[PDB]
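Accompanying notes for the structure given below.
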Amino acid sequence: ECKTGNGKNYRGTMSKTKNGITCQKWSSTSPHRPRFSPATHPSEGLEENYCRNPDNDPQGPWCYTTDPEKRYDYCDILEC
Ligand SMILES: NC[C@H]1CC[C@H](C(=O)O)CC1
């Protein structure tokens, strides 16, 4: 999928950050207990471990990481 703007409305399936590290799911609490999740941001498309922009950060989609000593990181979504 592609992103346009900040990718507020991005609903692709990228699952690794721009460093290629594997996301964590939005519905897991390991390795990280998330502040953003499907519970809380029901309208945010927080599916699977996919990159999303819940907070509309000018830096584009990110996800929680399966690196325990690294809480999140941004994903590299090509523009739209
Ligand atoms: N600026 C995106 C960023 C927002 C807070 C966050 C957290 O919930 O801990 C990590 C990612």
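Shown for chain A, in order and in Swiss-Prot numbering: 102-181.
A Cβ is built for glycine as well, from the same backbone N, Cα and C atoms used for every other residue.
Listed features, source Swiss-Prot:
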- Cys103-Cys181: disulfide bond (DISULFID)
- 103-181: domain 'Kringle 1' (DOMAIN)
- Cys124-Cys164: disulfide bond (DISULFID)
- 126-145: region 'Disordered' (REGION)
- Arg134: site 'Interacts with fibrin' (SITE)
- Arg136: site 'Interacts with fibrin' (SITE)
- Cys152-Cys176: disulfide bond (DISULFID)
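Listed in sequence order, the recorded positions from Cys103, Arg134, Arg136, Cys181 having a Cα within 10 Å of the Cα of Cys164 (disulfide bond) amount to none. A Cβ distance below 6 Å to any atom of ligand 1 is met by none of the recorded positions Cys103, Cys124, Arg134, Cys176. Long-range Cβ neighbours of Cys176 (disulfide bond) (same chain, at least 6 residues apart, Cβ-Cβ under 8 Å): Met115, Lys117, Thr118, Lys119, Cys124, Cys152, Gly161, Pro162, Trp163, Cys164. If you take the Cα of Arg136 (site 'Interacts with fibrin') and the Cα of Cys181 (disulfide bond), they are about 28 angstrom apart, rounded to a whole number. Around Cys103 (disulfide bond), the same-chain residues six or more apart in sequence whose CB sits under 8 Å from its CB are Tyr111, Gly113, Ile178, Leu179, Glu180, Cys181, listed in sequence order. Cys164 (disulfide bond) falls within a strand segment according to DSSP. Per DSSP, the secondary structure of the domain 'Kringle 1' (103-181) breaks down as 3 helix, 13 strand, 63 coil. Sorting the disulfide-bonded residues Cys124, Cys164, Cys181 by the number of other Cβ atoms within 10 Å puts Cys164 first.
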